[PDB]
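Peer 1: so I've got this experimental structure, pasted below with the sequence.
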Amino acid sequence: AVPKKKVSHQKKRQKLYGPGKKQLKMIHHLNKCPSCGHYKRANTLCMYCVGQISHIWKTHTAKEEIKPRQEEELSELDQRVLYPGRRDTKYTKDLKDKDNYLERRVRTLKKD
Amino acid sequence: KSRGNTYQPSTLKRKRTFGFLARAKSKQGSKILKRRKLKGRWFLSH
Amino acid sequence: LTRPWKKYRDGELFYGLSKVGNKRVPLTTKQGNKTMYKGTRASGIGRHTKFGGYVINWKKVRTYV
Amino acid sequence: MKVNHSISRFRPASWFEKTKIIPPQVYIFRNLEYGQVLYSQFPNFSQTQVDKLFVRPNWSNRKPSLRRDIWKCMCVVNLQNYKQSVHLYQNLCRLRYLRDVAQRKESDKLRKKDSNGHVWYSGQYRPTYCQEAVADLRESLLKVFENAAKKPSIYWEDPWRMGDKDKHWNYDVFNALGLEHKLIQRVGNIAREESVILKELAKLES
Amino acid sequence: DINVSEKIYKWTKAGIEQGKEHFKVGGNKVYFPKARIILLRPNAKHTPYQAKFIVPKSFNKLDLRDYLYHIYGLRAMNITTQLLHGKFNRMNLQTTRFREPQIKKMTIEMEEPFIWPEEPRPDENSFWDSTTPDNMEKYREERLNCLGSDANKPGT
Amino acid sequence: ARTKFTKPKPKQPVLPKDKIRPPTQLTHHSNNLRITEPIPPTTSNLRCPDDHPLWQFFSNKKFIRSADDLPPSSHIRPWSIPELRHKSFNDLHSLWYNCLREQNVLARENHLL
Amino acid sequence: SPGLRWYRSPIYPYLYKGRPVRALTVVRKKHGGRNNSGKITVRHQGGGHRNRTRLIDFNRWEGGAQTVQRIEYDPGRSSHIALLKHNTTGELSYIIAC
Amino acid sequence: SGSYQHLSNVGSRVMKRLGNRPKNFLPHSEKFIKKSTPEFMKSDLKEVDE
RNA sequence: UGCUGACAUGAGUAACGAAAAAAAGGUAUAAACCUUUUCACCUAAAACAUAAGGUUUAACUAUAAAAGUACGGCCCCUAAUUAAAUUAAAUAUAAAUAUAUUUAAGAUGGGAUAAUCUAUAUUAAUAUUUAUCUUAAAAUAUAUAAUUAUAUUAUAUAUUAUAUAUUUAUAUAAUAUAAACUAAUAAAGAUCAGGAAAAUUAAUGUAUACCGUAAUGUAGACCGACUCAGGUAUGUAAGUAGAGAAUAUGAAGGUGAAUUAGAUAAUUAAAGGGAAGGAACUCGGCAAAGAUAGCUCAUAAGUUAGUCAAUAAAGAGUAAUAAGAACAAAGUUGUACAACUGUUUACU
RNA sequence: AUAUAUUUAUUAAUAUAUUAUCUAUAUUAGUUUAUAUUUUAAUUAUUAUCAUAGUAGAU
Ligand SMILES: [Mg+2]
Ligand SMILES: [Mg+2]
Ligand SMILES: [Mg+2]
Ligand SMILES: [Mg+2]
Ligand SMILES: [Mg+2]
Ligand SMILES: [Mg+2]
Ligand SMILES: [Mg+2]
Ligand SMILES: [Mg+2]
Ligand SMILES: [Mg+2]
Ligand SMILES: [Mg+2]
Ligand SMILES: [Mg+2]
Ligand SMILES: [Mg+2]
Ligand SMILES: [Mg+2]
Ligand SMILES: [Mg+2]
Ligand SMILES: [Mg+2]
Ligand SMILES: [Mg+2]
Ligand SMILES: [Mg+2]
Ligand SMILES: [Mg+2]
Ligand SMILES: [Mg+2]
Ligand SMILES: [Mg+2]
Ligand SMILES: [Mg+2]
Ligand SMILES: [Mg+2]
Ligand SMILES: [Mg+2]
Ligand SMILES: [Mg+2]
Ligand SMILES: [Mg+2]
Ligand SMILES: [Mg+2]
Ligand SMILES: [Mg+2]
Ligand SMILES: [Mg+2]
Ligand SMILES: [Mg+2]
Ligand SMILES: [Mg+2]
Ligand SMILES: [Mg+2]
Ligand SMILES: [Mg+2]
Ligand SMILES: [Mg+2]
Ligand SMILES: [Mg+2]
Ligand SMILES: [Mg+2]
Ligand SMILES: [Mg+2]
Ligand SMILES: [Mg+2]
Ligand SMILES: [Zn+2]
């Protein structure tokens, strides 16, 4: 149930790193994407090219934003009177800074 | 019967028992207050 | 998640920084029971009625001349 | 004892004619807390009226409190006949129902949304409901006059509350009628002596 | 002859007609008042015919009305009072906690409307320009809360 | 509880066609009613006066006095007690109220800042 | 019920089946057998039914003929009490019933 | 800020304690201030008491 | 089993706390945030109103709006009770103090008026607990005033038509569902016999103070060291079903979560089914299994006479015959001990 | 009912597409249901969810 001794430096290290099962393997199965000449996984789509195509689809197949007439044709002063500004909470501010906590996809290296 | 929740707050009761004025009014409470003052306490009572 | 930037369990609270603190700090108008009335030195103006109403006494009302 | 008052039921034209408490008119009430509007046949109202209007409440359109201070008269609309006023009141109730239950999605689409796709608010005050009520009032009145002497009139709390006298409120039917957009006299505590003011208005057109 | 509310309304109307106070003036004559009031910007829930003030915590509704009449010449017809809560604050967790001040805010209704002047641009006014102090605050946060290898991490 | 053995209840006793009263209200809401877009209240209907007494809380109708709009520190001095001592009561009272007014203007601005 | 099995109480049909005169009744303050210390001095006394003590005349001073109007149940004594009415005076009073 | 502290004198004792820091822990107090301030703001000379 | 600090080991191991998710888009930044649609879960709640509590957590600083009527406090009044208070000498007492009496405080309670809206000030003058039956009345049908069977039976409002003051008032007549529920009324059964305390006319008044109001509240926002399957007061709690607040469903509302994706060995947990046998198991039928109406009938020995035994066991009617939702309902007996309903070692 | 087309002399008739089957008032306070009035406010085929895999018979 309980360790009888302080496990030594040797014995913890040979346990962890000695076996190949536990080690990380080289990703030999990279290959060139045909659409953009960059690294991608074998039997896998290029995340750049499919992302680009998804973006294209979004730009074309776009549901139009609903802008109400009455709010679109308000005067500036009138709009200010109706819908004044406010102090956002700390939480709200944190939520707004998305680049702090949201990871954009990185581009791979160009294949040789 | 699970224990641990022996504190059951109720502001009124707290102020009656452990409030400053209750301490002031009793002789014993006044002595306590004095003792706390001597010690240097920032908060003498609830 | 309570907040999406904190995915894992840091020792951060649901709200604020610390739950604990000095309980012995003077009461305000907001705190206490329904019966707890603090007041704000605003109205020694008139007189409370027998029935629970109030009757202003204008000789004891502040004008700013 | 006598349980029911004038307010306790819906009152048709015949009842009004029999009694004559007030002239032919409909009262409209802003909610200072949430911005919601409350129509009524009388210058007072009860929980029953609130229940009737606020039938499908949610977080956005919460069922309002009946506390007297937050309710304030937006608009007092007078008409040519008791029957006409009753019909207007019914139309308003119908419109409200449509907005809440039947044709809710269309109403939502029409409204102003903020970022994160909610109907624009400041606190729990939502300024769209009032606007809708003004638009709904305009619609109901128009319908009444299509269906169809004293010149009718709409005594406003505030002249600002009109969308625009050019863009709206200048239909041909209204003009033919002589729809006078007056405002309530603010020479006194408008909130506190509201009932008195309403009584005075009622007296004026009789 | 007539009811109380109606009488009050009549009195108010008479006072308005006079150009005298639209309300019964008190007897406790304060010649040299030290109270200041902060005219606030209007919220969405208010109209152009309303104005809200931060006032003294010991300021009465009647007192406020009197102040508005005599100091400024404005007649507030209806007045409400909103005493705010005092949330707990502390400089750091090593310090003692205490409440922020309960602050009294009184809305008034007035017979003529009012809309504030439009707030200035960043380039125009020196003081009303939140970029600098906010940036400074951010920099302070970075520097105090920077620990190890985030010292090398470039500044925002 | 409901069971295999539960026989259904009888239908409610309807009042006959002749005996039922005609309802007091006959003609209800218009079926033609339509959800129109809202009509947002406009400043154009207002006539905010140029001498509204609430402008007295501002200074030259400015949301905020800039550094140039403010009176500079070298040019300005507070009153000396001796100077005050030979002023009349009414004058002193007026001065006090002017001071208070100025504070209010600054207090509004200071708070905003 | 097995609790009913041994419940005997004497039936008095002549006994009054109404409330006592309210002017002659004071509240019967409960103690739980606790003295001014707040400590249980007398054991085995506690939360009974609510009661009113009845002011019954033991001294019997006034004199003159008095008619017994009714005979009542009294919760604070084993005896019945008799509501007397003074024939001349008309003053009302309680007395231990014979 | 979103403070409201400036319209009152709340937590007065605490403020006094902070304001009147002991002089032998003045380097401690100012070390972190120096760190906080940018190069163009900070000065080398000692901020003397009133 | 020294004290304090720092850092190891177990170990990148267990665990990430009852849980239903999917796609598209915000965004070529999202398992976790927002929106839309789909799907699910709670639904006499995981809903909607509130009480208490609390680092304001809120839809936020441009912040929770009250003269009063199905608005609370404050105020008046007092209960339980409390009081360095109160009375040459109230009484007692090593001091502290204690007692009795006064006065003052003290809500968990009582408190005038009100939409046909309402006016609270000043001065003067003399109600434990339970029940709404039977009878009687008239009404509706069958038979030949009287019988039989069936509901109805005190109050709550609009309409119409009359008679009196003069379209506003008063009274009368007639018209008009069922089932729950409310308040107010009346009469009244039982012993366990049911709070306390604070006047009326007239004249003159009344410019209506202060505080509470967010959100959370069977909970991530309180008490449990934690965003803890624990503890936490009250009122509404769509319909369909039913004796019902049981049980099923779920209109609306709210929610689908600081862990995910896969795989589903051994093994564990919590479930479902099982041939032939049927307690052979085991200390012991522990556990599991077992309900051939729940309504209406009927129901023994014994016995303290109490359908106590009884919700008797078996059994009948209605329903169903191959079965085909949930929930209520789980035998009979002998002996020892204790009359019985209760109480007990909060955590063996 | 709206929108888009075709015929007809904006109207009516036809075709296609989309949305809808609500609502309000009476029956003495409230709630539900019922009927009447009001309104355009529908009844057949086939699915799904939930109730221990809802239960049961096979597999
Ligand atoms: Mg503890
Ligand atoms: Mg105690
Ligand atoms: Mg603690
Ligand atoms: Mg509170
Ligand atoms: Mg009040
Ligand atoms: Mg009012
Ligand atoms: Mg208030
Ligand atoms: Mg004994
Ligand atoms: Mg050692
Ligand atoms: Mg291991
Ligand atoms: Mg393992
Ligand atoms: Mg694991
Ligand atoms: Mg995405
Ligand atoms: Mg249930
Ligand atoms: Mg809630
Ligand atoms: Mg008292
Ligand atoms: Mg109370
Ligand atoms: Mg609250
Ligand atoms: Mg609320
Ligand atoms: Mg806590
Ligand atoms: Mg614990
Ligand atoms: Mg919990
Ligand atoms: Mg139900
Ligand atoms: Mg649903
Ligand atoms: Mg919730
Ligand atoms: Mg979880
Ligand atoms: Mg088997
Ligand atoms: Mg078998
Ligand atoms: Mg064996
Ligand atoms: Mg068993
Ligand atoms: Mg027998
Ligand atoms: Mg069972
Ligand atoms: Mg026993
Ligand atoms: Mg135990
Ligand atoms: Mg009814
Ligand atoms: Mg239809
Ligand atoms: Mg379900
Ligand atoms: Zn590519």
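Peer 2: That came through fine. Numbering: from 1, shown residues only, chains lettered A, B, ... in the order given. Ligands and ions are numbered 1, 2, ... in the order given.
Peer 1: anything in stretch D:171-186 near chain E?
Peer 2: Yes: Stretch D:171-186 is in contact with chain E by Cβ under 8 Å from any Cβ of the partner chain, via residue D:186. C-beta here means a position set from N, CA and C on the backbone, and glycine is covered the same way.
Peer 1: apart from its chain neighbours, what residue comes closest to the residue in chain A that chain D sits nearest to?
Peer 2: Nearest residue of chain A to chain D (Cβ to the nearest Cβ) works out as residue A:71 at 4.9 Å. Computed as Cβ to Cβ, 6 or more residues apart in numbering or on different chains, the closest residue to residue A:71 that is not its neighbour in sequence is residue D:112, at 4.9 Å.
Peer 1: what's the longest helix in chain A?
Peer 2: helix A:47-60 (DSSP state H).
Peer 1: just to revisit the earlier point, tell me the secondary structure at the residue of chain A closest to chain D.
Peer 2: helix (DSSP: H, G, I helix; E, B strand; the rest coil).
Peer 1: now the residue most central in space within chain D: how far from chain F?
Peer 2: In chain D, the C-alpha nearest the mean C-alpha coordinate belongs to residue D:28, at 2.9 Å (Cα atoms, centre = their mean). Using Cβ to the nearest Cβ, to the nearest Å, residue D:28 is found at 14 Å from chain F.
Peer 1: now do the SS call for that residue.
Peer 2: strand.
Peer 1: for the chain, what spans make up the helices?
Peer 2: In the absence of a named chain, chain A is used. Assigned by DSSP H, the helices in chain A fall at A:9-17, A:47-60, A:69-72, A:76-82, A:90-96.
Peer 1: nope, chain E please
Peer 2: Using DSSP H, helices in chain E cover E:4-18, E:61-67, E:131-145.
Peer 1: could you redo these as CSV and give each row distance to residue B:42?
Peer 2: Below are the helices of chain E laid out as CSV (distance: least, Cβ to Cβ, whole Å):
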stretch, distance to residue B:42
helix E:4-18, 51
helix E:61-67, 35
helix E:131-145, 27
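Peer 1: do you know which of the ones you listed lies nearest residue C:56?
Peer 2: Residue C:56 lies closest to helix E:61-67 among the helices of chain E, at 7.8 Å (Cβ to Cβ).
Peer 1: what about that closest one, near chain C?
Peer 2: Yes: Helix E:61-67 is in contact with chain C by Cβ under 8 Å from any Cβ, via E:62-63, E:66-67.
Peer 1: most neighbours of all those, which one?
Peer 2: residue E:67 (27 neighbours; other Cβ atoms under 10 Å in any protein chain shown).
Peer 1: the closest residue to that one other than its chain neighbours: neighbour count?
Peer 2: Excluding the flanking residues, the one nearest residue E:67 by Cβ to Cβ, 6+ apart is residue C:64, at 5.3 Å. Using other Cβ under 10 Å, residue C:64 has 22 other residues around it.
Peer 1: list the residues that contact residue F:66.
Peer 2: Contacts for residue F:66 (Cβ atoms under 8 Å, 6 or more residues apart in numbering or on different chains) come out as E:120, E:124-127.
Peer 1: gap between the residue nearest to residue E:67 and residue E:61?
Peer 2: 14 Å (Cβ to Cβ, to the nearest Å).
Peer 1: sorry, back to before: ok, and what's touching the longest helix of chain A?
Peer 2: Contacts for helix A:47-60 (Cβ under 8 Å, 6+ apart): A:33, A:35-36, A:38, A:40, A:105, A:107-108.
Peer 1: which one of the residues you listed is nearest residue A:81?
Peer 2: Among those, and counting by Cβ to Cβ, the member closest to residue A:81 is residue A:105, at 43.7 Å.
Peer 1: for that closest one, give me phi and psi.
Peer 2: As for residue A:105, its main-chain torsions (degrees, to the nearest 10) stand at phi -70, psi 130.
Peer 1: around chain D, pick out the residues from chain C.
Peer 2: Counting by Cβ under 8 Å from any Cβ, chain C has no residue next to chain D.
Peer 1: right, and chain D sits closest to which residue of chain C?
Peer 2: residue C:4 (13.3 Å).
Peer 1: gap between the nearest residue to that residue once chain neighbours are set aside and residue C:5?
Peer 2: If the residues on either side of it in the chain are set aside, residue C:4 comes closest to residue A:101, at 6.7 Å by Cβ to Cβ, 6+ apart. Taking Cβ to Cβ as the measure, residue A:101 falls 4 Å from residue C:5.
Peer 1: again with residue D:163
Peer 2: From residue D:163 to residue C:5 the distance is 42 Å (Cβ to Cβ).
Peer 1: ranges for the helices of chain D?
Peer 2: So, for chain D - with DSSP H - the helices run D:13-19, D:47-53, D:82-97, D:104-110, D:128-147, D:172-177, D:194-204.
Peer 1: what of chain B?
Peer 2: According to DSSP H, the helices that chain B contains are B:11-18, B:20-25, B:27-39.
Peer 1: turn those helices into JSON lines, columns for mean neighbour count and distance to residue D:174.
Peer 2: Below are those laid out as JSON lines (neighbours: other Cβ atoms under 10 Å in any protein chain shown; distance: least, Cβ to Cβ, whole Å):
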{"stretch": "helix B:11-18", "mean neighbour count": "14", "distance to residue D:174": "59"}
{"stretch": "helix B:20-25", "mean neighbour count": "14", "distance to residue D:174": "68"}
{"stretch": "helix B:27-39", "mean neighbour count": "12", "distance to residue D:174": "76"}
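Peer 1: most distant residue from the centre of chain E?
Peer 2: Within chain E, residue E:149 marks the point farthest from the mean C-alpha position, 45.8 Å out by Cα atoms, centre = their mean.
Peer 1: how about it, what does it touch?
Peer 2: If a contact means Cβ under 8 Å, 6+ apart, then residue E:149 has no contacts.
Peer 1: just residue D:44 next, same as before
Peer 2: Contacts of residue D:44 by Cβ under 8 Å, 6+ apart are D:7, D:195.
Peer 1: with adjacent residues omitted, what lies nearest to the residue of chain A found nearest chain H?
Peer 2: Per Cβ to the nearest Cβ, residue A:87 is where chain A lies closest to chain H, at 5.2 Å. Distances taken as Cβ to Cβ, 6+ apart put residue H:2 closest to residue A:87, at 5.2 Å, once the chain neighbours are dropped.
Peer 1: so that neighbour, which of the three states?
Peer 2: Classified using three-state DSSP, residue H:2 is coil.
Peer 1: stretch D:197-206 near chain E at all?
Peer 2: Yes: judged by Cβ under 8 Å from any Cβ, stretch D:197-206 comes into contact with chain E at residue D:197.
Peer 1: middle-most residue in chain H, spatially?
Peer 2: Nearest to chain H centroid, counting by Cα atoms, centre = their mean: residue H:19, 6.7 Å.
Peer 1: picking that back up, quick check: which of the helices of chain E is buried the most?
Peer 2: Most buried of the helices of chain E, by mean neighbour count (mean count of other Cβ atoms under 10 Å in any protein chain shown): helix E:61-67, with a mean of 22.
Peer 1: could you say what helices and strands that one packs with?
Peer 2: When contacts are defined as 3 or more Cβ pairs under 8 Å, 6 or more residues apart in numbering or on different chains; DSSP states H and E, helix E:61-67 sits against strand C:62-64, strand E:76-79, strand E:104-110.
Peer 1: and residue G:94, which of those is closest to it?
Peer 2: Here strand C:62-64 is closest among those (Cβ to Cβ), at 61.2 Å.
Peer 1: partner strands of the closest one, with direction?
Peer 2: Sheet pairing of strand C:62-64 (DSSP bridges) gives strand E:28-30 (parallel).
Peer 1: so how far is residue B:27 from the residue of chain G found nearest chain A?
Peer 2: As assessed by Cβ to the nearest Cβ, chain A sits closest to residue G:38 within chain G, at 53.1 Å. Computed with Cβ to Cβ, the distance linking residue G:38 and residue B:27 is 19 Å.
Peer 1: no more questions from me, cheers.
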